[PDB]
Each structure stands twice: as structure tokens, then as C-alpha cells.
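Written out below as C-alpha cells is the structure these notes cover.
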Amino acid sequence: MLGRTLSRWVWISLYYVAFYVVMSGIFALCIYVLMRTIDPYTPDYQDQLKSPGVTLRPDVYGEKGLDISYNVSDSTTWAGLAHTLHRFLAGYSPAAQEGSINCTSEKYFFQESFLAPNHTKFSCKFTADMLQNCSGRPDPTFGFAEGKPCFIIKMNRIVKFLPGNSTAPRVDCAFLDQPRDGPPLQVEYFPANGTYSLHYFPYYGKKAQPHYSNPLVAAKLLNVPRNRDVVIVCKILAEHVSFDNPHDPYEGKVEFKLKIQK
Amino acid sequence: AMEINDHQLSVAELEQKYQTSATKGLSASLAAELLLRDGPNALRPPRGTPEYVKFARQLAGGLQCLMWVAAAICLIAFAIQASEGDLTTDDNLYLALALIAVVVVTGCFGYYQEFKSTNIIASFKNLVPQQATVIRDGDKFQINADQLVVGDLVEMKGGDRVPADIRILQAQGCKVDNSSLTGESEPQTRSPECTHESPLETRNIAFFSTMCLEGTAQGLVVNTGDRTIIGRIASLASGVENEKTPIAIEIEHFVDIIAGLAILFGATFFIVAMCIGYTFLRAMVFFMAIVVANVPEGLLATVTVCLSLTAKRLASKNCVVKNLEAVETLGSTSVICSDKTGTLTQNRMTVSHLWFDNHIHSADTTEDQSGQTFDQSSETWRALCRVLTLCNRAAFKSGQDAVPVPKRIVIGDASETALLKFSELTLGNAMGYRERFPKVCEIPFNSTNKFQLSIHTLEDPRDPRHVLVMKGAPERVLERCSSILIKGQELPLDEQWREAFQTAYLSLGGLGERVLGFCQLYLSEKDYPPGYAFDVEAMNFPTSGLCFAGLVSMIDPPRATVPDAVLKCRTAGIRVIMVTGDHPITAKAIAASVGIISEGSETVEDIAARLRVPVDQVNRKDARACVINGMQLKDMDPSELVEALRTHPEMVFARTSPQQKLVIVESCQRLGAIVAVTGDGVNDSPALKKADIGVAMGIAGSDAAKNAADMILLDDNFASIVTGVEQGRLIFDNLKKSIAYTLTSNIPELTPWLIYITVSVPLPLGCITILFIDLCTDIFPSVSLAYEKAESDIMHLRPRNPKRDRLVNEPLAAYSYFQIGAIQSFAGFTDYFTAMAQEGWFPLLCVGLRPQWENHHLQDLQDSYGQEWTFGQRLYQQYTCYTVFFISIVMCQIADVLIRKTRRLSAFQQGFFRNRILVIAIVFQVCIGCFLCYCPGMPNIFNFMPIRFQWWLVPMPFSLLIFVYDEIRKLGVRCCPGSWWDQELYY
Ligand SMILES: CCCCCCCC/C=C\CCCCCCCC(=O)OC[C@H](COP(=O)(O)OCC[N+](C)(C)C)OC(=O)CCCCCCC/C=C/CCCCCCCC
Ligand SMILES: CCCCCCCC/C=C\CCCCCCCC(=O)OC[C@H](COP(=O)(O)OCC[N+](C)(C)C)OC(=O)CCCCCCC/C=C\CCCCCCCC
Ligand SMILES: CC(C)CCC[C@@H](C)[C@H]1CC[C@H]2[C@@H]3CC=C4C[C@@H](O)CC[C@]4(C)[C@H]3CC[C@]12C
Ligand SMILES: *[C@@H]1O[C@H](CO)[C@@H](O)[C@H](O)[C@H]1NC(C)=O
Ligand SMILES: *[C@@H]1O[C@H](CO)[C@@H](O)[C@H](O)[C@H]1NC(C)=O
Ligand SMILES: *[C@@H]1O[C@H](CO)[C@@H](O)[C@H](O)[C@H]1NC(C)=O
Ligand SMILES: *[C@@H]1O[C@H](CO)[C@@H](O)[C@H](O)[C@H]1NC(C)=O
Ligand SMILES: *[C@@H]1O[C@H](CO)[C@@H](O)[C@H](O)[C@H]1NC(C)=O
Ligand code: ALF
Ligand SMILES: [K+]
Ligand SMILES: [K+]
Ligand SMILES: [K+]
Ligand SMILES: [Mg+2]
């Protein structure tokens, strides 16, 4: 009976219930209409996806950045890195790649029609062995045992994005600040040149290609001085990949602080 | 504190009391000791309060304290985050700085709102005399007035302000000006013989700071400094309890409401955050966000701006105000206690009536001579006009041809000035008419004669006859006259004529007027040749058996506008009271003329006279009016004062002292009434300070009244009170409209945060953008609602009830928060989800997505299409959500200001473009939205993105729904006034 009698409380409550029910119904109708208009295969816009981001494995983050430190002589220092690399490559084992098909086009894999089972588009097979020497076989340590660690660089997939077909997009990893007496960082890449083959592009979306797997590039570093804190930046050299965004550091390029101990 | 009772004591008792001498005075050593003891003979000005201390209070309050707490949370969060090495939340520091700036700017606006630049206390120094002649050790020597102490034998002469309350011992034709006490400039005799019990009305007590007009008088000093009457008045006026203004009360009330809701929301959802798994620092940031969303940042400032605009409109009519809070009180006022002399009248004796031809003629008394005139085409009238022109010694100041006649300066008696101005107004040049009728004998007003007589040679040289003309008391001329100008002829006197004359005299006296007789005789050239020197002392004139011309009465008349102003104030439901120091008969006459007493209303004595029944048996409930003088009121107890106030709606207090004026004001206030006091004098100043709002006349006003007042009528136009009432009510209605508009957008700023905490969607709105809504896009439209017209007849409405009627009540708050704010929230969230989904983030994926969305270590989060997003790209998408929510609020606020123009009337009926300021504010709001969205650099500056246009168009249906539903609500309120709809959904 605070301000008004009980009957009036019931009436004002019923009015507010009706008001909020009607407004919630209007909101549900708006969202229903919006999802009716939304296209199930291609996003309406890609205003924030103009250039793809780049990530690396194993991802160990330090002080606002990718900090990877291990001591070669102690195995437990790099056991986590090896285990996570294996866990990441289990998804590229050929058992998991069964859904995708083999390709040798070496050119853009344009598809306009749904020829795969239940109205889908083909994806191409990328297996673990294609990494060869960093593929977890026959060395399970990925070279972290011998001081030549194997780093897998992956590109963020964007629908209907073409990275330019003058040549396959390539990885070039180097020291961010080259020491004057230091030799430039030599890295062996797997596949040759560390290139993403053009038949993996374009990506058509999770609905069109439910079994799509991104191509990988394994960068085996060979010129890392021991007991020295070095910073290495990996960039993607594609025509339509730009790495000049100071606000986003992972757009087209990835940097990580590495310290291999002895 | 001592009361004066020395006026009754004799010379011997005074000598024994003050150890003084009636002729020698005080000894110098004793005088110095008494000076050391009692201090000087000067008023002590209260220090007051410092400027900066009052400013410090402004930086406190409900909203102020909430913003201090919110900035404290922000600074603590930033410091803790930085101490761990993270520096990404520089936004927290910027938020802290902006909140502090908001607090300080709000404090400056609040200080400017209540600021008075008047010193007030410094008024009581221009009334204080500087020099004072004092008799010590039997020597008359001059000293400064500050040095006087009680017991000093002071001599004063005409033209010199009295230096203290003085027990007059010797007097030779002394007359004083007791205006600072009674409001009357009528000269009062001073003589040693006591005439009254009360020390105020006696003739043997001069007062500190009263201008001694003429003559010389001697006296002992009984009171010095603040112990004097003027000292008591100054202490009551300068030092009175500070009273909160009604608009300030309303502001503090609605601040309480907002603070309560903010604390409630913040604490409830802090508890929710703690239960559902948030850290203490995170829940603190949430509480900060909820407080910032709930607090109105620009509201108090826009209130000040609206008050400034109302003050500008008022001052455009010469109605200057002294603090912006005063701009509203009159609209809320339900009682107007009003001074009489100078306030309701022009304080100038003028001719009121003329009695001749057996007829009472009313002459026009307005200062601009815009009123009805009397008939001037009678032979008796022409003879009378000549006579009243001729019996006059006063003259104007030469060179005042341009200055109007009533305002023109004269030297003489008050009666003489009135008669001269009346003759100048009736004729061309009274100076000319009196010079062309040369004067040969002049007998001024004498105590023994009891009249004024003069002998004049007729202007026409063909008639060498000499016209005797006389002026005096009606009854005193009746016995000195034998014929009478009746209908233009000389008629002998009969008992019927004496009865008529007596009836006329009694009628004119009972209208509170001084009546003067007029008569004339023509002297033939037979007995009096042209070269007959008319000696005064010889008395060769018959000096009797003359011919009565006609009776004239004078009164201080109301100003021309005042009757209309009082009638309008009474129509607006305002009770009008006259508190005055003038005599009861004059006060009742003026009340009847002005309209304070209606026509037909009568007093207990009026009913008793009509019924020829004694006063005791006259039932009080039948008397609509009541005249109470100072004596009766003084012994009247507070319960009896309240009973009288209830019993009689038309009240006149007469012969009252300034303390009694204050007692009356505080009695009206204790009855839950907002009281205005209108005065112009020093005796009005305590009441002007006690009143909710004090209004002072500009020209006629004195410095004490002007310093105590809150509002001044520069042009002396009393009808500006009506304009002030209208503007106060209008600004109250428009203030609540503007407040409702401002409050509405608080909910669309709060709901994203509650949804963020609860559903863990990515952040829809930011604190910076919330501040942008409050400080930029909300300011102009809300202020522009101060220019709305009145919808109904406000001046016919009755005053609001200060307990019941409020600025922000529960209906206003509920409508704004839980209906319009709810719609605007729904609009914002529709736009948010649309923008998210068009960019690949379907509504189901957003739910629970906050932890992965805000992970710096998750640089390949997938959207609903399988696309992988970095943290930077997700942040820029979040900024797009910010802008889309901000634009939704801006458009819904356009619709909301379109519906806030009226509370009971249709937009189609009142018109959309009547208010140009509103449409310009709408254009401004859209322009700033566009500039913030599309200026280069904004994504990095203020987290505003260039959004696509369909996202502008999305909330327009919700804007339209707001408009339509509000219009339908108003339609229902209009159609069914006695309905549950009107009772619950009107605000
Ligand atoms: C003070 C008390 C306040 C009380 C407020 C109550 C608010 C009630 C409002 C909404 C409740 C739920 C409404 C949901 C209606 C959805 C209608 C619907 O059936 O849609 C279908 C979608 C499924 O799409 P799909 O996967 O097939 O599409 C794939 C695209 N294709 C189809 C082409 C392949 O289902 C979906 O969207 C599911 C996700 C729905 C969106 C979640 C909304 C939650 C957020 C609510 C906040 C709203 C504002 C509250 C402000 C209150 C103001 C005071
Ligand atoms: C006057 C005082 C009144 C008091 C009345 C209280 C009544 C309501 C109180 C409790 C009822 C709800 C109980 C909640 C149970 C626990 C839920 C929980 O433990 O969830 C866990 C998640 C945290 O896991 P994560 O994945 O985020 O961690 C990610 C970690 N990283 C970021 C490092 C990767 O919690 C999160 O932090 C994110 C939130 C997700 C769960 C939300 C659950 C809340 C839903 C509905 C509550 C509705 C209350 C509405 C009240 C209206 C008031 C007008
Ligand atoms: C869950 C059951 C038991 C109760 C449901 C109450 C719900 C519907 C909520 C939603 C909106 C709320 C109302 C919002 C507005 C008002 C007007 C206010 O001046 C009184 C409270 C009142 C009336 C609130 C009471 C509680 C309320 C009616
Ligand atoms: C690396 O590990 C070995 C074995 O645990 C230890 O002896 C050595 O000191 C470590 N390296 C450094 C730089 O400490
Ligand atoms: C979809 O296709 C897969 C193989 O591509 C098949 O195993 C599955 O049964 C299909 N589902 C339907 C509903 O046809
Ligand atoms: C790759 O593996 C082969 C296996 O024989 C080995 O000889 C070669 O050294 C490896 N390459 C590097 C860079 O270690
Ligand atoms: C690159 O793609 C274009 C079509 O986009 C095609 O015409 C061209 O032949 C391609 N270049 C090569 C070298 O295959
Ligand atoms: C890339 O690999 C090819 C082998 O087909 C070789 O000819 C070429 O030199 C390599 N380029 C780089 C930059 O390693
Ligand atoms: F002017 Al007044 F009482 F009428 F002081
Ligand atoms: K706010
Ligand atoms: K006042
Ligand atoms: K607001
Ligand atoms: Mg006065």
C-alpha cells in the first residue's frame, strides 16, 4: 500500500507487463526479419577484414606478446610446446582430412556450383606430411630438442578473399632488429618457399565448405644464437595482404620474442 | 537587547539613571570609559561567508558525490591495472579526467546559480550621520557621531540626520522624517512632553538616522549602535536565517530520486556480478558504468541555462533579478504580503476629490494622466480653481518644462505641492495665473489664525477690486463664512447647507483623506482703492462673512497599473495582503481602491455600523475583510494571529512595525505558503529578507530594500509581478519537460551494460560515448524546450501545492525510464544486432561471446561464417557497435524531444515548428552525429566508426513508435479526464 492501494498495483503491473510483452514481440519480429534477410553463405560486408590476420603455433603469450622461451638441455622446458604442436597437427592428420579432396590445380579454386554432398563445395586436402620435416615425424620434438625449433604459421581465413595470383603467397621470417655482427636469420620452409598454394583460395565459408582446413607453412629456424633474447617477425608476402596497420599487430604479420637457452 | 522606556522618565530620573546633566552633559573621562565599554555608535556589519567556501559546497551533492566516487573507481582501476604493467586502459584515466571536469563545471554552474553580488550590509552607512554636536562639561563642541555614548547631551538642528536615539529635552519647532521606521515621509513634530506609552509613537524620542527637517532640538542619548531601533532593523535584515528556495528544494528532491535509483542499480548488479563470477575490480568497473549511466551529467547545467534564459526574458521588461533561483519563486507563490506607501501608491499627495455644486467630483490621480477626468464646465468650478491657484506659495524648479507635471519637483508643503500640481494640470500655467493676479497682502498659516489668507488685485485693469481668498479646515472656515458659491451664484447659508457640508466633510474624512476648505471674498473699490496698501497686522479686512467656494481632499493615490495587477494576482489564486505602517483609515481606503478588499466585503465594524449592533455580537465569519492595527496585533498571540488569518481572506495590517511585518510573513510561511513581499523602504527590509522572494521598487526604493530584495522593478511597474507569475509557472512546466527529456536517455545507456554483464555479449556501448550523449547531443535539445509556449491558461490556474506538486514525481520518472527509455533501448539493440550480423556475427553467436571476444591471446576467433578475426579487428567491430548504439539513441532522442514539447496537448495541434530553437537543435543533433561518425581520425580519437547508412535508418521505426504511442497516450488523457488512464499515465 506504498503510494497506492493493492488493486491499483495490480493494474499498473498488468499495464507494464503488456507494454514490455508488446515491445519484446516487436524486437523478436525485427530479429526474425533480419535473419530472414541475412545470406547464409556470404557475409554482407567485410569492413574489418580487409587484410587477414596471421597466427603462429605454438602460441605462448608473455607480456602483451608472443614470448617463447625454452632451455634445450631440460626436456620439460619444451614438453608443452611439443605437446601443443602435436595436438594442433592431429587435426591435419589424414584421418581428419578425409572430408577434403586432393587438388593439383596450383591456381585459384573458383567454384560456382555445389557439387559436394548435400549442396556444398569442395575443399582441398592439407595433410601433416606436407610439412615434411616439421610434421612431427620422424622427429617428435619438432627440432626444439636440437635448438632449431619448427614454427607453424597460419593465415586467418576470410570468405571470398584472394591474396593475389601473380605467385603463391609466401612467408618471409626475419629478425625484427638485425644485430650488426649477427647474420640474417636463415629459416628453412616447408612447403618449398613457405608458400600457400593458390588452390586453397578462395574460402567459401563454414557452410559451403564444412571440412576446409587452412594451409600451413612450417618455418624451421637454424640461425638462433643460444642464450640471447631475439625478436623474429614473420610476414606474408602476398599482393592483397598488407602489414602496415599499427593498431593491429597481427594483420598480415606475426612477431614473437624467442630465447633459446643452453 | 533593551527596550526604550526612558521617554516616560522625568529629567531627574534620567539624570540618576545615566549620571548625566540635563544641561552640562557627560564628563569627558566618563564618556571615554563608556565608549570603551559599549563600543562606538556605529552598526556592526556581519562578516557573512567566504566566496570559496560557498563554492566548495557546490562541488558536493548527490550527483556530485556519485561522480567523485565514479572517478575514484576509475583512478583505482587504472592504477592497479598499470601497476601490473598493462597500459591499454588509458581510457580509464581519460574517463576520470572528464568526470572531474564535469563535476567542476557543474560546481561553477551551481555557484553562478545562487550567487548574489550585493553586499547588503553596506547599505546602513549612508543613513548614518558623520558629525554630532555634543555638550560635555557645559561646552557645545563638534565630534564624529561614532563617539556618542548613552547619556550624552546632543544638540541637533534641521537638515542634520539624528545621530542616535535621543531623549529630547528641549525643542523649538523640531520636525523629523521617520520614514526608516514607518515608511511615511510625513513630518512628525518633536516635543518634550510624552504623548504615547509605546516609545515608537511618542513625540519626545528622536531616532538614529532620521533626517531632522527643520527647527532645533536638544536631547540625551539613550541608545547607541545596534541597540537603536535602526540597529535592530539592520540586525534583523542583514542577519537572518538563510532559507532554501522552492526550486532548490525541488532540485534536491529529484537529485535524491536519481541518487536512489543509481545506488540501487549499481549495488544490485554489483551483487549480481559477484555471484555470477566476476572479480572485485571488474564488478567495481561495472558499478562505475552503472552509476555513470544513471547520473545525468548535463542536467544541472541545462537547468542553470534555462534559468538564465528566463532571467533574460524577465529583465527585458526591466525586471532585474539577483540570483537565478528567484526567477521561479513567483510562479509558486500563493501569498503576497505588500507594503502600501511607495509600493501600491506613488507616494505623492494629489487631489482626490472636490466638493462643489452639491456634488463630489473625482479628479484623475494617475501619474501619466491616462484616467477619467472630471467635469470642469461649471462657473462655481472656475471660481474655485482660481481660488486654489491663488492660495499657494509653492513654486517649481525652473527648467523642468520637459519633465511631466506629476513627476516635476516642487518646494513647499505636501498639500501645497498637490494643489500646485493639480492647478498646473487643470490650467496652462499656475505661475502665470498667480503672477497676473498680483499679491498685495500675504498671511501664511498661523497657529492663532488657524488659516491662510491673501489679498489679490484682479487681473483685468477695468476691475480694481481686490479678491480675498482663504484656505483652511472645513469646520474652521464654516464659522468664518456666510455665503457660498452654489451652482455659480452666491447663496446664503441655511441648516440644509450646513448639513450637506458636514456630510461631505465626514465622507471625505472617512476615505482616509486630508480635507482643506476654500473660500473667497471680493472687495469693492469703494472702500479699498487700487492704492490701498493691505497691511497684515492692521486687519482692516473683514476677514469674515466670506463665500465658501468648495471643499477639496487629497490622498496618496495608487499607481495606474496596481488595481489591474492586484485583480490579476487574485485571479491567479494568490492571496494579497497589505502590511503597512500608515494609519488604518488610509490603509483601508487604499485597500478598497486597489482591490485587496473586494466591493461588498466588509469588516466587523462595517457590519456593526450597518446593523447598529455592537462589535461583540457581530459574527466574525460574516466579515470578509479585517483591518488589524499594530496595537491589537502586538498583544495578539500566534494562535489568534493564525485564527484571524484563516477567518478573513482579505487582510490589512496597519500601524505595524518592521518586526510585526516579519512576524506576519513568518506566520504565513508557517502555514505552508510561499510568501512574496513587495516593499521599497528600510522598514520593509527584514520582511524582504524573510520572504521566499522579495521584490523592491527601483526608483522609489531605498538601498536597504534593494539590497535585501531578490528582484527589482527598475521601471516601478507593479504589473511586472503578473509577468513574473506567468514566467515562473511557465518555466516550471518547461523545466519538467526538459528534465523528462534529459532523463529519458539514461536507460538506453544503462541497458547495454546490464545485458553485457548478464548475457556476456560484446560491449554494445562505451563510457566515453555515453558521456558524448550526455554532454553534446543532449544539451541543446533539452535547453530548447525552455522556449515552449504555455498549453493551458496558467494565469487562471491555482498555485501548485509544494507538498503534492513536484518537479520530478514518480509518474514523470516512470514514464521516462521504463517506457520511452525502454523503447530507445530496444532500438539500440536492434541496430546493434543488425550491424553485428551484417558483419558475420549472428545473434546467437554473440550470446556468451564476451570471454572469447575480449581475449588478447585469441587472434583467430571464428564468426558465424567461419571467418577468423584478430583482436584488433574484433575491437574495431566493437567500436562499430558503439557508434550504431549512439546513433540509435540520437534518433530516438529526436523523436523524444518532438514528444516532450507538450504534456497534455497534441503536436499536430500546437505545431511542430512554432519553436525555432527546437528545430535548430534537431538539425544540430543530426549534424554532430554525422561529424562524429565521419570525421577522419575518430576511430582512434573517440572510438567512433564511419557507419553505413542503413544503420542510420534502422531505428527510425522505433522513433516513429515513440511518437505515435506518446500521441495516443495524450489523446486518451484528453478524451477521458476522469479515467484510470489519465490518473496513472499522465505526467
Ligand atoms: C526489465 C525487463 C527487461 C526484459 C527484456 C526482455 C527482452 C526480450 C527480447 C528478446 C528475447 C528473445 C527474442 C529472440 C527472438 C528471435 C526470433 C527468431 O526466431 O530468430 C531466429 C534466430 C535463429 O537464426 P538462425 O541461426 O536460423 O540464422 C541463420 C541464418 N539463416 C537462417 C539464413 C541460415 O534465433 C535467434 O536469433 C536467437 C537469438 C535471439 C537474440 C538474443 C537476444 C538477447 C538480448 C536481449 C536484449 C534485448 C534488449 C533488452 C532491452 C530491455 C529494455 C528495458
Ligand atoms: C538487492 C540484491 C538482489 C540480489 C539478488 C541476486 C539474484 C541473482 C543472483 C544470482 C543468480 C545467478 C547465479 C549465477 C550462477 C553462477 C554463474 C557463473 O558462475 O558463470 C561463470 C561465468 C564465468 O565464466 P567465463 O566463461 O566468463 O570465464 C572466462 C575466463 N576467462 C575470461 C579468463 C577466459 O560468469 C561470467 O563471468 C560471465 C557471466 C555468465 C553467466 C551469467 C549468469 C547471470 C544470468 C542471469 C542472472 C540474472 C540476474 C538479473 C537480476 C536483475 C536485477 C534487476
Ligand atoms: C514476476 C512477477 C511476480 C512480478 C513482475 C513485475 C514486473 C513485470 C516489473 C516489470 C516493470 C516493473 C514496473 C516498472 C514501473 C513501475 C511504475 C512505478 O511507479 C512502480 C513500480 C512499477 C509498477 C514496476 C513494478 C515491477 C514491474 C511491473
Ligand atoms: C638449462 O638446463 C640445464 C639442465 O637442467 C641446466 O644445467 C642449465 O643451467 C640450464 N640453463 C641455464 C642458462 O640455466
Ligand atoms: C551431408 O553430407 C555428408 C557427407 O558429405 C553425409 O555423411 C551426411 O549424411 C549428409 N547429411 C545429410 C543430411 O544429407
Ligand atoms: C630434414 O630431415 C632430413 C632427414 O634426413 C635431415 O637430413 C635434414 O637435416 C633435415 N633438415 C633440417 C633443416 O634439419
Ligand atoms: C590470375 O587470375 C586471373 C583471374 O582472376 C586469370 O585471368 C589469370 O590468368 C591468373 N593468372 C595466372 C598466372 O594464372
Ligand atoms: C622456391 O622453391 C623453388 C623450387 O621449385 C626454387 O627454385 C626457388 O629458388 C625457391 N625460392 C625461394 C625464395 O626459396
Ligand atoms: F511603505 Al510602508 F509600511 F507602506 F513601509
Ligand atoms: K547518463
Ligand atoms: K528573500
Ligand atoms: K541522458
Ligand atoms: Mg515604502
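Numbering starts at 1 and runs along the chain as it is shown here.
Recorded method for this deposit: electron microscopy, 2.6 Å.
Yeah, the Cβs are placed from backbone N, Cα and C, and that goes for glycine too.
Within the set A:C103, A:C134, the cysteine that Swiss-Prot bonds to A:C124 via a disulfide is A:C103. Looking at A:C173 (disulfide bond) and A:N193 (N-linked glycosylation site), their Cα atoms lie 11 Å from each other. When the recorded positions A:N71, A:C103, A:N165 are ranked by how far their Cα is from the Cα of A:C134 (disulfide bond), A:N71 comes first.
The Cβ neighbour count for A:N133 (N-linked glycosylation site), using a 10 Å radius and every protein chain shown, is 15. Among the recorded positions A:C103, A:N118, A:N133, A:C134, A:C150, no residue has its Cβ under 6 Å from any atom of ligand 7.
Across the structure, A:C124 (disulfide bond) and A:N71 (N-linked glycosylation site) are spaced 38 Å apart at their Cα atoms.
A gap of 21 Å separates the Cα atoms of A:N165 (N-linked glycosylation site) and A:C234 (disulfide bond). Cα of A:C234 (disulfide bond) to Cα of A:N118 (N-linked glycosylation site): a distance of 39 Å. The secondary structure of A:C134 (disulfide bond), as reduced to three states from DSSP, is helical. The helix, strand and coil residue counts that DSSP assigns across the region 'immunoglobulin-like' (A:166-262) are 6 helix, 37 strand, 54 coil. Sparsest Cβ environment among the disulfide-bonded residues A:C103, A:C124, A:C150, A:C173 (other Cβ atoms counted within 10 Å): A:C103. Reported as a whole number, the C-alpha separation between A:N193 (N-linked glycosylation site) and A:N71 (N-linked glycosylation site) equals 29 Å.
Neighbour list (A:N102 (N-linked glycosylation site), Cβ cut-off 8 Å, at least 6 residues apart, same chain): A:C124, A:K125. Applying an 8 A CB threshold to same-chain residues 6+ apart, the list for A:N71 (N-linked glycosylation site) reads A:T77, A:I260, A:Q261, A:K262.
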